[PDB]
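Below are two forms of the same protein chain, given as structure tokens: structure 1, then structure 2.
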Structure 1
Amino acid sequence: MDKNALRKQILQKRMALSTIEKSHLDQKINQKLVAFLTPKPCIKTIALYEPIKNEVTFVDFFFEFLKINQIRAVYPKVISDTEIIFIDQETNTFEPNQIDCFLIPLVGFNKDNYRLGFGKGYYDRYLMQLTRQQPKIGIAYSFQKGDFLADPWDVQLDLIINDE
């Protein structure tokens, strides 16, 4: 139940994914993501992330879903060694409670929806500012689920959308 154990097994499997395999996994995950948003009309501004090597990718039809329903996307901008903010494509900043939902990147998650991040703590600190009970949604591959004890500084996440 050690975090190091997981982090190692996951980074291993993520890099090993074949271009054909990743494609299929992301397609199914973005399909599930859209199925999740479709019935949540009050989501008009959503926080995404910039896909780093091996992370689940946001596919072309996902963004199409956003354009069609007029949902604005905001991205994370590291502001310091401990803080991050969200800005849109024009660099307009969006305050925490201007965002209606957060799609969160992760290395691992356990049975209690806890997140195993990249060790910086940005998300944990940022998410403390929410006052509208915005959904905190993890995006990941099924093999990213592991068994570890969560520290109070690990985000709890309402749900982790994955390929299953």
Structure 2
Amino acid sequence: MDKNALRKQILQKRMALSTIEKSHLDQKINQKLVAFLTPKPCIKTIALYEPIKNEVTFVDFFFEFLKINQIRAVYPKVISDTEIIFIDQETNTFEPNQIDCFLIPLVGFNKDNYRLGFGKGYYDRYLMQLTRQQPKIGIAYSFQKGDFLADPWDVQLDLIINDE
């Protein structure tokens, strides 16, 4: 129930995934991503992230999809203990509303699509700046569902794409 406690739980479970099991779960999920973006050609700049503690991985055929449809990928970079910004491969910084879609990493999400991160709350602060109704999409493994209650500052997220 408690955020901190829930983090620890899920965190331990995700670090148990088999190298083969995980690669399969990631395949199902990446396929959905491609399925999600196909009928949305107005998404030309998209925010991704660099998989860290056994987070869902973006695979090769996903990056090929973006490459072939000319969809630019931007990644997060921290500047302070509270601020995060996004940049493209050539280190060019993209403002919040220059991005059309956000694939957000997470440790947990509940039934109302709220998400749980590592605590600093970078995304809660950042996502609050969006003014173009950009989809806010959490990326996760089915078992990352958890029963915690959202705090007043938590940005809700439009959807949670997982292995199902």
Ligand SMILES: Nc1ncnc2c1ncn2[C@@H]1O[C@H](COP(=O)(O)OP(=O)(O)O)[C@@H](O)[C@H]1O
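Heads up, when I say rigid core I mean the largest set of C-alphas that superpose within 1.5 Å between the two forms. Residues that one form lacks are left out of the comparison. Every residue number counts along structure 1's sequence, beginning with 1.
Of the two forms shown, structure 1 is the one solved without the named molecule. On a core-based overlay, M15 has a Cα shift of 0.6 Å between structure 1 and structure 2. The two forms line up on their rigid core, and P152 then has its Cα shifted by 1.7 Å between structure 1 and structure 2. In the rigid-core superposition between structure 1 and structure 2, residue position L6 carries a C-alpha shift of 2.3 Å.
After superposing on the rigid core, the stretches of 3 or more consecutive residues whose C-alphas move by 2 Å or more between structure 1 and structure 2 are 1-6, 153-155.
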